[PDB]
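Below, in C-alpha coordinates: the form deposited in one PDB entry, a single chain.
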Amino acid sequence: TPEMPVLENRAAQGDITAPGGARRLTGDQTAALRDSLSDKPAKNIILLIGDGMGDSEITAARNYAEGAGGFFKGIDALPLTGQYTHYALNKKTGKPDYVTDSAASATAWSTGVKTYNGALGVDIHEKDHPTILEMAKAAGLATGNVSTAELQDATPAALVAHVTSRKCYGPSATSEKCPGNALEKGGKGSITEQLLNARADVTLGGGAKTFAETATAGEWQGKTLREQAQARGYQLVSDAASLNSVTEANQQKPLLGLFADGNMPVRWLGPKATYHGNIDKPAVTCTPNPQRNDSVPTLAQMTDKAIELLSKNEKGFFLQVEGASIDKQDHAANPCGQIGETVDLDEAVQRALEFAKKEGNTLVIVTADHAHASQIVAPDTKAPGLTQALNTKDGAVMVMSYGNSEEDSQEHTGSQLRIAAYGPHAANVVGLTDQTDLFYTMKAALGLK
(Lines give C-alpha, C1' and ligand atoms only; values in the text may rest on other atoms or scores of the structure.)
Protein backbone atom coordinates (compact mmCIF):
# COMPACT_ATOMS: atom_id res chain seq x y z
CA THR A 1 0.00 0.00 0.00
CA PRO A 2 2.26 2.79 -1.24
CA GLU A 3 0.31 5.54 0.53
CA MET A 4 3.02 7.90 -0.74
CA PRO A 5 3.63 7.74 -4.48
CA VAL A 6 7.01 7.62 -6.15
CA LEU A 7 7.42 9.08 -9.68
CA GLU A 8 6.66 6.00 -11.75
CA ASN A 9 7.76 7.47 -15.05
CA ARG A 10 9.05 10.91 -16.01
CA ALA A 11 10.78 9.92 -19.26
CA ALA A 12 9.69 11.87 -22.38
CA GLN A 13 6.13 10.78 -23.12
CA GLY A 14 6.43 10.44 -26.89
CA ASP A 15 8.22 11.55 -30.02
CA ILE A 16 10.69 14.27 -28.99
CA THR A 17 10.55 15.99 -32.38
CA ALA A 18 6.81 16.58 -32.13
CA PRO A 19 4.59 18.90 -30.12
CA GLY A 20 4.36 17.68 -26.53
CA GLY A 21 6.37 14.59 -27.20
CA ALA A 22 9.23 15.69 -24.95
CA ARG A 23 6.89 16.35 -22.02
CA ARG A 24 7.83 14.44 -18.88
CA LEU A 25 4.47 15.15 -17.21
CA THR A 26 1.07 13.80 -18.20
CA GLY A 27 -1.07 16.12 -16.11
CA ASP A 28 -1.21 18.36 -13.06
CA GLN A 29 0.96 17.41 -10.14
CA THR A 30 -0.74 19.19 -7.24
CA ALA A 31 -2.55 16.24 -5.79
CA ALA A 32 0.43 13.91 -6.11
CA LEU A 33 2.58 16.41 -4.25
CA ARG A 34 -0.03 16.79 -1.48
CA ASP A 35 -0.03 13.01 -1.21
CA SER A 36 3.77 13.02 -0.83
CA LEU A 37 3.57 15.28 2.25
CA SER A 38 3.70 13.58 5.62
CA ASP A 39 4.87 14.69 9.04
CA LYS A 40 4.42 11.27 10.63
CA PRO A 41 7.54 9.90 12.28
CA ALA A 42 10.04 7.89 10.26
CA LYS A 43 10.89 4.43 11.57
CA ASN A 44 13.84 4.19 9.23
CA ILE A 45 16.18 6.35 7.23
CA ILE A 46 18.21 5.39 4.19
CA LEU A 47 20.72 8.06 3.10
CA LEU A 48 22.15 7.50 -0.36
CA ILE A 49 25.20 9.56 -1.34
CA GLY A 50 26.75 9.76 -4.83
CA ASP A 51 30.16 11.25 -4.00
CA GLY A 52 30.65 14.19 -6.37
CA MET A 53 27.29 13.56 -7.99
CA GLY A 54 26.19 17.09 -8.87
CA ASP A 55 23.43 17.88 -11.38
CA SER A 56 26.02 17.77 -14.16
CA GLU A 57 27.03 14.23 -13.27
CA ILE A 58 23.39 13.01 -13.08
CA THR A 59 22.65 14.66 -16.46
CA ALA A 60 25.69 13.12 -18.17
CA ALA A 61 24.88 9.64 -16.92
CA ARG A 62 21.22 9.93 -17.88
CA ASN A 63 22.10 11.14 -21.38
CA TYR A 64 24.51 8.27 -21.85
CA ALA A 65 22.72 5.40 -20.26
CA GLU A 66 19.04 6.29 -20.56
CA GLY A 67 19.06 8.95 -23.31
CA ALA A 68 18.22 12.65 -23.08
CA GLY A 69 14.49 11.97 -22.69
CA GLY A 70 15.11 9.00 -20.48
CA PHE A 71 14.57 8.61 -16.73
CA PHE A 72 16.55 7.00 -13.90
CA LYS A 73 14.00 4.82 -12.17
CA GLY A 74 15.81 5.39 -8.89
CA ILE A 75 17.67 8.71 -8.98
CA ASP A 76 15.00 10.65 -10.78
CA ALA A 77 12.09 8.99 -9.05
CA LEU A 78 12.10 10.98 -5.81
CA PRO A 79 9.23 13.41 -5.75
CA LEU A 80 10.53 16.14 -3.45
CA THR A 81 13.58 17.99 -4.65
CA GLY A 82 15.66 21.01 -3.69
CA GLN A 83 19.16 22.42 -3.81
CA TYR A 84 21.62 22.51 -0.87
CA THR A 85 24.92 24.27 -0.08
CA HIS A 86 27.99 22.43 1.19
CA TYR A 87 30.59 25.09 1.89
CA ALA A 88 33.24 24.24 4.45
CA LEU A 89 35.13 26.52 6.83
CA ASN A 90 38.75 27.66 7.02
CA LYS A 91 40.29 26.23 10.22
CA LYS A 92 42.18 29.38 11.04
CA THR A 93 39.75 32.18 10.26
CA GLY A 94 36.44 30.38 10.69
CA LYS A 95 35.26 31.98 7.47
CA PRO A 96 33.64 30.05 4.63
CA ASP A 97 35.83 27.95 2.38
CA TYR A 98 33.89 27.76 -0.83
CA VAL A 99 34.81 24.26 -1.96
CA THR A 100 34.60 21.37 0.47
CA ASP A 101 36.25 17.98 0.59
CA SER A 102 34.37 14.76 1.38
CA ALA A 103 35.39 14.81 5.02
CA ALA A 104 34.09 18.22 5.91
CA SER A 105 30.81 17.67 4.08
CA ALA A 106 30.11 14.26 5.54
CA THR A 107 30.89 15.61 9.04
CA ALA A 108 28.31 18.29 8.28
CA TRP A 109 25.40 16.01 7.49
CA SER A 110 26.49 13.53 10.13
CA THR A 111 26.91 15.88 13.10
CA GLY A 112 25.21 19.19 12.15
CA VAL A 113 28.35 21.31 12.43
CA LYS A 114 30.49 22.90 9.74
CA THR A 115 34.18 22.01 9.84
CA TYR A 116 37.46 22.30 7.95
CA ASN A 117 38.52 20.32 4.89
CA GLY A 118 40.04 17.01 5.95
CA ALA A 119 38.38 16.84 9.37
CA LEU A 120 36.29 13.85 10.44
CA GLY A 121 33.71 14.15 13.22
CA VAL A 122 35.33 17.25 14.76
CA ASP A 123 34.70 20.98 14.62
CA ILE A 124 37.17 23.74 13.83
CA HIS A 125 38.48 23.62 17.43
CA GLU A 126 38.95 19.88 17.05
CA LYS A 127 36.19 18.98 19.49
CA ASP A 128 34.36 15.70 18.79
CA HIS A 129 30.60 15.85 18.02
CA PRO A 130 28.38 12.73 18.12
CA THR A 131 27.31 11.44 14.72
CA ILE A 132 23.90 10.53 13.48
CA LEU A 133 25.00 6.91 13.60
CA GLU A 134 26.28 7.01 17.19
CA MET A 135 23.00 8.72 18.17
CA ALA A 136 20.80 6.15 16.49
CA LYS A 137 22.73 3.28 17.99
CA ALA A 138 22.44 4.85 21.44
CA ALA A 139 18.71 5.08 20.92
CA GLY A 140 18.43 1.37 20.19
CA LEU A 141 18.15 1.55 16.39
CA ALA A 142 20.04 -0.78 14.08
CA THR A 143 22.76 0.92 12.05
CA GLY A 144 24.37 0.21 8.71
CA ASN A 145 27.22 1.79 6.73
CA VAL A 146 27.87 0.70 3.17
CA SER A 147 30.21 2.10 0.52
CA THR A 148 32.08 0.94 -2.59
CA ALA A 149 35.12 2.82 -1.29
CA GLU A 150 37.67 1.70 1.29
CA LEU A 151 35.87 1.93 4.67
CA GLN A 152 38.52 4.33 5.98
CA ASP A 153 37.77 6.83 3.24
CA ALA A 154 36.01 10.02 4.21
CA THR A 155 32.33 9.33 3.53
CA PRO A 156 31.88 6.17 5.47
CA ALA A 157 34.45 7.04 8.15
CA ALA A 158 32.70 10.26 9.11
CA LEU A 159 29.88 8.33 10.78
CA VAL A 160 32.18 6.40 13.11
CA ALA A 161 35.49 8.21 13.51
CA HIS A 162 36.61 11.52 15.02
CA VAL A 163 40.10 12.43 13.85
CA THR A 164 41.78 15.69 12.96
CA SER A 165 42.81 14.31 9.56
CA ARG A 166 41.05 11.97 7.12
CA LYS A 167 44.44 10.53 6.29
CA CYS A 168 44.67 8.71 9.62
CA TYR A 169 43.49 5.35 8.36
CA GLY A 170 45.29 2.99 10.75
CA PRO A 171 47.89 3.00 13.52
CA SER A 172 50.86 3.93 11.36
CA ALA A 173 49.43 6.99 9.68
CA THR A 174 47.65 8.08 12.86
CA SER A 175 50.89 8.09 14.82
CA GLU A 176 52.41 10.43 12.30
CA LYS A 177 49.48 12.55 11.27
CA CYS A 178 47.01 12.56 14.14
CA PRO A 179 49.32 12.25 17.16
CA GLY A 180 46.48 13.48 19.32
CA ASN A 181 44.29 10.58 18.19
CA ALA A 182 47.04 7.94 18.38
CA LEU A 183 46.18 5.08 20.67
CA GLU A 184 49.69 4.89 22.11
CA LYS A 185 49.43 8.56 23.04
CA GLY A 186 46.18 8.21 24.92
CA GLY A 187 43.91 9.07 22.00
CA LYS A 188 40.78 7.27 20.78
CA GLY A 189 42.56 5.74 17.85
CA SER A 190 42.90 5.61 14.08
CA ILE A 191 39.84 5.61 11.84
CA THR A 192 39.86 1.84 11.59
CA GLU A 193 40.17 1.42 15.31
CA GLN A 194 37.31 3.82 16.01
CA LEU A 195 35.21 2.02 13.42
CA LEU A 196 35.78 -1.20 15.40
CA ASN A 197 34.66 0.56 18.58
CA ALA A 198 31.60 2.17 16.97
CA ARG A 199 30.29 -1.32 16.29
CA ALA A 200 27.53 -0.57 13.80
CA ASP A 201 25.39 -3.62 13.05
CA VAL A 202 26.34 -3.74 9.39
CA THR A 203 29.47 -2.35 7.74
CA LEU A 204 30.21 -3.36 4.14
CA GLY A 205 32.88 -2.01 1.83
CA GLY A 206 36.48 -1.99 0.77
CA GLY A 207 39.67 -1.28 2.72
CA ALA A 208 40.86 -4.69 3.87
CA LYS A 209 44.45 -3.49 3.46
CA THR A 210 44.47 -1.37 6.59
CA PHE A 211 43.04 -4.23 8.65
CA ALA A 212 46.43 -5.84 8.29
CA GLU A 213 48.12 -3.26 10.53
CA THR A 214 48.75 -4.13 14.17
CA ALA A 215 47.49 -2.08 17.11
CA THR A 216 50.17 -0.19 19.03
CA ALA A 217 48.54 -0.33 22.46
CA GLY A 218 45.45 -1.40 24.34
CA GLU A 219 43.78 -4.74 24.79
CA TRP A 220 44.62 -5.80 21.26
CA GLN A 221 48.14 -4.51 21.18
CA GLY A 222 50.36 -6.42 18.79
CA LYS A 223 47.52 -8.12 17.02
CA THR A 224 46.15 -7.27 13.64
CA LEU A 225 43.02 -5.16 13.39
CA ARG A 226 41.53 -8.06 11.49
CA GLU A 227 42.27 -10.36 14.45
CA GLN A 228 40.85 -7.70 16.74
CA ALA A 229 37.59 -7.69 14.88
CA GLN A 230 37.35 -11.48 15.18
CA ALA A 231 38.20 -11.29 18.88
CA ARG A 232 35.47 -8.69 19.24
CA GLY A 233 32.79 -10.87 17.84
CA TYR A 234 32.45 -9.45 14.36
CA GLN A 235 31.40 -11.83 11.61
CA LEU A 236 33.77 -11.25 8.70
CA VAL A 237 32.72 -11.84 5.09
CA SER A 238 34.83 -11.17 2.02
CA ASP A 239 32.79 -12.30 -0.96
CA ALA A 240 29.28 -12.35 -2.36
CA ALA A 241 28.50 -15.93 -1.31
CA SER A 242 29.70 -15.36 2.24
CA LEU A 243 27.63 -12.21 2.45
CA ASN A 244 24.47 -13.88 1.20
CA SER A 245 24.86 -16.65 3.76
CA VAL A 246 24.46 -14.18 6.62
CA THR A 247 21.08 -14.46 8.36
CA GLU A 248 21.75 -12.23 11.36
CA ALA A 249 23.63 -9.03 12.18
CA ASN A 250 23.44 -7.29 15.56
CA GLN A 251 25.32 -5.97 18.57
CA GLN A 252 26.26 -9.48 19.52
CA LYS A 253 27.18 -10.56 16.00
CA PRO A 254 27.94 -7.38 14.05
CA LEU A 255 28.68 -7.91 10.34
CA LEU A 256 31.89 -6.63 8.71
CA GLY A 257 32.27 -7.11 4.97
CA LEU A 258 35.62 -6.43 3.34
CA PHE A 259 35.38 -7.05 -0.41
CA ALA A 260 38.58 -5.47 -1.74
CA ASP A 261 41.99 -4.42 -0.41
CA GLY A 262 41.27 -0.83 -1.41
CA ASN A 263 38.22 0.49 -3.26
CA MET A 264 35.82 -1.95 -4.97
CA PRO A 265 36.21 -2.30 -8.72
CA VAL A 266 34.29 -0.01 -11.05
CA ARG A 267 31.35 -1.23 -13.16
CA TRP A 268 32.65 0.08 -16.50
CA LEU A 269 35.90 0.59 -18.41
CA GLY A 270 36.92 3.27 -20.87
CA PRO A 271 39.92 5.43 -21.70
CA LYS A 272 40.81 8.63 -19.87
CA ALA A 273 39.70 11.86 -21.55
CA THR A 274 42.54 13.70 -23.30
CA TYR A 275 43.48 17.09 -24.78
CA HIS A 276 41.21 17.70 -27.79
CA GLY A 277 40.07 14.11 -27.39
CA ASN A 278 36.74 14.98 -29.00
CA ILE A 279 38.39 16.19 -32.21
CA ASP A 280 41.42 13.89 -32.48
CA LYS A 281 39.82 10.63 -31.39
CA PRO A 282 36.74 8.61 -32.33
CA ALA A 283 33.70 8.32 -30.03
CA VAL A 284 33.91 5.94 -27.09
CA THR A 285 31.48 3.27 -26.10
CA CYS A 286 31.75 2.16 -22.47
CA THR A 287 32.19 -1.56 -21.77
CA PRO A 288 31.60 -3.67 -18.67
CA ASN A 289 34.61 -4.24 -16.46
CA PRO A 290 35.53 -7.91 -16.43
CA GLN A 291 37.16 -7.53 -13.01
CA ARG A 292 33.77 -6.60 -11.62
CA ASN A 293 32.62 -9.97 -10.33
CA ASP A 294 30.20 -12.69 -9.44
CA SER A 295 32.08 -13.17 -6.15
CA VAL A 296 31.91 -9.39 -5.74
CA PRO A 297 28.70 -7.93 -4.45
CA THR A 298 27.31 -4.97 -6.31
CA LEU A 299 26.12 -1.85 -4.49
CA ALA A 300 22.52 -2.85 -5.06
CA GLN A 301 23.28 -6.28 -3.55
CA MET A 302 25.02 -4.82 -0.53
CA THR A 303 22.07 -2.42 -0.15
CA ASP A 304 19.48 -5.22 -0.27
CA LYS A 305 21.34 -7.38 2.21
CA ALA A 306 21.83 -4.58 4.72
CA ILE A 307 18.16 -3.72 4.52
CA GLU A 308 17.14 -7.34 5.18
CA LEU A 309 19.45 -7.53 8.17
CA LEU A 310 18.66 -4.14 9.72
CA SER A 311 14.97 -4.47 9.04
CA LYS A 312 14.80 -7.16 11.71
CA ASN A 313 15.01 -4.45 14.40
CA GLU A 314 11.58 -3.40 15.53
CA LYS A 315 12.75 0.00 16.70
CA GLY A 316 13.99 0.96 13.26
CA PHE A 317 17.28 1.51 11.48
CA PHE A 318 19.65 4.09 10.04
CA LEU A 319 21.49 3.24 6.83
CA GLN A 320 23.99 5.20 4.78
CA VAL A 321 24.97 3.86 1.34
CA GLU A 322 27.71 5.44 -0.71
CA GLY A 323 28.33 5.33 -4.43
CA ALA A 324 31.92 6.31 -3.86
CA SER A 325 33.64 6.07 -7.24
CA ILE A 326 31.63 8.66 -9.12
CA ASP A 327 33.90 11.20 -7.52
CA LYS A 328 37.08 9.08 -7.93
CA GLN A 329 36.49 8.64 -11.61
CA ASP A 330 35.55 12.31 -12.04
CA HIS A 331 38.91 13.21 -10.57
CA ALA A 332 40.48 10.70 -13.00
CA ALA A 333 38.77 12.35 -15.97
CA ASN A 334 37.26 8.97 -16.95
CA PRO A 335 33.73 9.44 -18.24
CA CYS A 336 32.85 5.80 -18.49
CA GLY A 337 34.10 5.00 -14.98
CA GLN A 338 32.17 8.04 -13.70
CA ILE A 339 28.91 7.30 -15.46
CA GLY A 340 29.03 3.59 -14.76
CA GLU A 341 29.28 4.38 -11.02
CA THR A 342 26.21 6.60 -11.32
CA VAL A 343 24.17 3.86 -13.00
CA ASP A 344 25.39 1.62 -10.16
CA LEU A 345 24.03 4.08 -7.57
CA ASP A 346 20.74 4.25 -9.39
CA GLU A 347 20.25 0.47 -9.03
CA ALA A 348 20.89 0.86 -5.30
CA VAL A 349 18.37 3.71 -5.04
CA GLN A 350 15.75 1.52 -6.76
CA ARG A 351 16.19 -1.18 -4.10
CA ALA A 352 15.87 1.42 -1.35
CA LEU A 353 12.69 2.88 -2.79
CA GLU A 354 10.99 -0.51 -3.30
CA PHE A 355 11.47 -1.24 0.41
CA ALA A 356 10.38 2.23 1.41
CA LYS A 357 7.25 2.19 -0.72
CA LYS A 358 6.34 -1.16 0.83
CA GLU A 359 7.21 -0.20 4.41
CA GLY A 360 5.60 3.23 4.43
CA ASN A 361 7.53 4.67 7.39
CA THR A 362 10.89 5.09 5.70
CA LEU A 363 12.62 8.28 4.72
CA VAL A 364 14.82 7.95 1.64
CA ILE A 365 17.34 10.66 0.73
CA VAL A 366 19.47 10.98 -2.38
CA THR A 367 22.19 13.64 -2.60
CA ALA A 368 25.94 14.25 -3.07
CA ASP A 369 28.65 15.69 -0.80
CA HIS A 370 29.78 18.40 -3.26
CA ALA A 371 29.88 19.27 -7.01
CA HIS A 372 32.56 18.20 -9.43
CA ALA A 373 34.57 18.84 -12.56
CA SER A 374 32.65 17.24 -15.41
CA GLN A 375 30.79 19.34 -17.90
CA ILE A 376 28.62 18.47 -20.92
CA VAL A 377 29.70 20.62 -23.88
CA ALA A 378 29.06 20.90 -27.62
CA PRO A 379 30.62 18.27 -29.87
CA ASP A 380 32.84 20.73 -31.80
CA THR A 381 34.21 22.27 -28.61
CA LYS A 382 37.92 23.17 -28.58
CA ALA A 383 38.84 23.13 -24.89
CA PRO A 384 41.99 23.73 -22.91
CA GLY A 385 41.41 20.68 -20.74
CA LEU A 386 40.61 17.00 -21.17
CA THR A 387 37.74 15.87 -23.37
CA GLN A 388 36.13 12.77 -24.82
CA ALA A 389 33.16 12.09 -27.14
CA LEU A 390 30.73 9.29 -26.18
CA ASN A 391 28.15 7.27 -28.12
CA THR A 392 24.99 7.56 -26.05
CA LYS A 393 21.86 5.39 -25.97
CA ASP A 394 20.20 7.92 -28.32
CA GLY A 395 22.73 7.06 -31.04
CA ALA A 396 24.15 10.55 -30.75
CA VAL A 397 27.50 11.93 -29.60
CA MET A 398 27.87 13.69 -26.25
CA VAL A 399 31.13 15.34 -25.28
CA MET A 400 32.37 15.71 -21.70
CA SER A 401 34.95 18.19 -20.49
CA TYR A 402 37.30 18.31 -17.49
CA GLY A 403 38.97 21.70 -17.43
CA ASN A 404 39.54 22.83 -13.86
CA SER A 405 42.95 21.49 -13.17
CA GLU A 406 46.35 21.27 -14.83
CA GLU A 407 47.26 18.85 -12.03
CA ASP A 408 46.77 15.07 -12.22
CA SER A 409 43.39 15.23 -10.49
CA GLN A 410 40.35 17.27 -11.63
CA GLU A 411 38.79 19.39 -8.92
CA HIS A 412 35.68 19.54 -6.76
CA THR A 413 33.44 22.52 -7.48
CA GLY A 414 31.31 24.66 -5.24
CA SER A 415 27.93 24.94 -6.86
CA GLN A 416 24.83 24.04 -4.84
CA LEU A 417 23.39 20.72 -6.01
CA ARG A 418 20.41 18.41 -5.99
CA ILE A 419 18.84 16.95 -2.89
CA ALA A 420 15.82 14.67 -3.28
CA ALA A 421 13.80 12.62 -0.83
CA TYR A 422 10.75 10.43 -0.41
CA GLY A 423 8.87 9.51 2.76
CA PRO A 424 7.97 11.10 6.06
CA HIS A 425 9.64 14.48 6.60
CA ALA A 426 10.70 14.69 2.98
CA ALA A 427 9.42 18.24 2.78
CA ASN A 428 12.55 19.32 4.62
CA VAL A 429 14.73 19.01 1.55
CA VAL A 430 12.62 21.28 -0.62
CA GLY A 431 13.81 24.76 -1.49
CA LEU A 432 17.28 26.03 -0.54
CA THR A 433 18.83 24.36 2.50
CA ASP A 434 22.23 23.70 3.99
CA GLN A 435 24.08 20.41 4.27
CA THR A 436 23.90 20.80 8.04
CA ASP A 437 20.12 21.05 7.88
CA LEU A 438 20.19 17.38 6.77
CA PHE A 439 21.49 16.21 10.17
CA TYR A 440 18.63 18.05 11.88
CA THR A 441 16.08 16.66 9.43
CA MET A 442 17.25 13.11 10.03
CA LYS A 443 17.39 13.59 13.80
CA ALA A 444 13.92 15.04 14.01
CA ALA A 445 12.58 12.44 11.64
CA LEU A 446 13.62 9.56 13.87
CA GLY A 447 12.63 11.46 16.97
CA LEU A 448 16.14 11.52 18.50
CA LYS A 449 16.62 13.80 21.52
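Sequential numbering from 1, following the sequence displayed.
Undergrad: Between 122-130 and 86-94, point out the one with the higher average CA B-factor as the PDB entry records it.
TA: Result of the comparison: 86-94.
Undergrad: Taking only the CA atoms, which stretch has the higher mean B-factor in the record, 154-162 or 207-215?
TA: Between 207-215 and 154-162, it is 207-215 that shows the higher mean C-alpha B-factor.
Undergrad: Which of these has the highest Cα B-factor in the record: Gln350, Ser374, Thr342, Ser238?
TA: Spelled out: the listed residue with the top C-alpha B-factor is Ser238.
Undergrad: Using the entry's values, work out which of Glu359, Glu193, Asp101, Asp201 has the largest Cα B factor.
TA: The C-alpha B-factor peaks, among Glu359, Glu193, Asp101, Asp201, at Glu359.
Undergrad: Is the Cα B-factor recorded for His370 in the lowest, middle or highest third of its chain?
TA: As the PDB entry reports it, the C-alpha B-factor of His370 lands in the lowest third of its chain.
Undergrad: Lowest, middle or highest third: which one holds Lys393 when the chain's residues are ordered by CA B-factor from the entry?
TA: Middle third - that is where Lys393 ends up once the chain's C-alpha B-factors are sorted.
Undergrad: Sorting the chain's modelled residues by C-alpha B-factor, tell me whether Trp109 ends up in the lowest, middle or highest third.
TA: Lowest third of the chain for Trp109's C-alpha B-factor.
Undergrad: Based on the deposited C-alpha B factors for this chain, I'd like to know if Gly54 is in the lowest, middle or highest third.
TA: Lowest third of the chain for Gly54's C-alpha B-factor.
Undergrad: For the chain shown, is the CA B-factor of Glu406 in the lowest, middle or highest third of its modelled residues?
TA: It falls in the top third of the chain.
This next part talks about the form solved in complex with a partner chain, which is not shown.
Undergrad: Quick one: of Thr164, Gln228, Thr367, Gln194, which gets a non-hydrogen atom within 4.5 angstroms of its partner chain in the bound PDB entry?
TA: After the contact test, the surviving option is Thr164.
Undergrad: At 4.5 Å between heavy atoms, is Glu359 in contact with its partner chain in the bound PDB entry?
TA: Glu359 lies outside the contact set for its partner chain.
Undergrad: Indicate whether its partner chain has at least one heavy atom within 4.5 Å of a heavy atom of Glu354 in the bound PDB entry.
TA: No, no contact at 4.5 Å.
Undergrad: With a cut-off of 4.5 Å between heavy atoms, is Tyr116 one of the residues that contacts its partner chain in the bound PDB entry?
TA: Contact with its partner chain, yes.
Undergrad: Examine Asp101 and determine whether its closest non-hydrogen atom to its partner chain in the bound PDB entry is within 4.5 angstroms.
TA: Yes, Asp101 is a contact residue.
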